[PDB]
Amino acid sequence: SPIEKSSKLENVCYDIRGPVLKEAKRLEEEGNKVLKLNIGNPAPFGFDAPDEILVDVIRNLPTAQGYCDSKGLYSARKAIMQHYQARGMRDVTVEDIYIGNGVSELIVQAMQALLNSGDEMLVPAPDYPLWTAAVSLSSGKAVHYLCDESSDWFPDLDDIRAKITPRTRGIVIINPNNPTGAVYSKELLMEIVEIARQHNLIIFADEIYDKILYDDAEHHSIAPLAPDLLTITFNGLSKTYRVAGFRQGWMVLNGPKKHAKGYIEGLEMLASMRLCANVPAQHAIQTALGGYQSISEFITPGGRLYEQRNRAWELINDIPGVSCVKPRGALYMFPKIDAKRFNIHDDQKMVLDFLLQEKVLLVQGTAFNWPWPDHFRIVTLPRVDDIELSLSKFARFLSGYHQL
């Protein structure tokens, strides 16, 4: 009598961490070093937490050993409140803010309390794979709207309107975008709002990279651009403040809310179930959002994030058969590859073949629900030396690669 996985997991595929790592983990155990450009994890690439965060966590640790409120510490939620109040989200109270074990937990919770069987969620393609998985896990269906590579990976508005059904409950916006690195203009975001307003949709805004911007890139939160709509905004400390392991994220409810009291009680229900998010690291939030922002040094010209993005950009375009749109934010690149030139029918196989030959780990584009096997994603976190070595390996790999 076999015990298979539940039906709610039949479509689920969040695997940036998938069966390719099985061979990667094997190579590592054998002693071979594998350059992992697959995960946006700051610490393995030499990114340390700001001292101020570490100091305040250590200081409050003996006082944070018990359960806190399910929504999180008041002072932390107060800091989050003030942060968004300085962006035009004035009516946000501490009761509109939920702190969880990273944004990941809250994304799932937000969908669990919302979706029923048959319900549809508009999700970008390419996506952040958790969003698709979360919707599916919540018994909803992820309907993918296309992002337009020829338009700097901006969402296709005509595609979004065309894929709206009477079952669409909301639309997911990931801005700045993982994995394209796109930074959406205010004009486009205003178009999304109009669509959401006309079709009675809830806007979910994953803005976890809103402070990782390059050059003249300017982040616009969609929440204060939709003051008359109920919107939910996600952000955290993982990427911007390089403390992914502390698991600290939050979601903020903005807009009219009395028509959504039922949904809110569902969220408060899911938060109460697990009692609370981890407490000691919540004391870091106030220090992170307040005072000096250390991320400014990394994204400015000369900063390692800026230079690594530039270096990966130069090398990936100097490869025959590969092009890419330059990221204006976040930590990723989503290069297009001439699938016909290399006879690529399975982009996962290409990733696997590249791993086995050059010991470098990428993520195939279809893992981000891109309909075609002509893309992949690289992370710009590694040192310039590592990026140069891995991309030259990739160039050598592709020069003699004809997928069988």
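Position 1 is the first residue in the sequence shown; the rest follow in order.
Averaged over CA atoms, B-factors in the entry run higher in 223-231 than in the other of 138-146 and 223-231.
Relative to one another, 374-382 and 43-51 have unequal mean CA B-factors, and 43-51 is the one with the higher figure. Across the options 304, 247, 77, 87, the residue with the most elevated CA B-factor in the record is 87.
The entry lists C-alpha B-factors for 127, 207, 120, 318, and the highest of these is at 318. Residue-level temperature factors show residue 166 in the highest third of its chain, judged at the C-alpha atom. Per the deposited record, the Cα B-factor of residue 328 falls in the lowest third when ranked against the other modelled residues of its chain. Split the chain's modelled residues into thirds by C-alpha temperature factor. Residue 311 is in the middle one.
Sort the modelled residues of the chain by CA B factor and residue 291 lands in the highest third. The PDB entry assigns residue 339 a C-alpha temperature factor belonging to the highest third of its chain's modelled residues.
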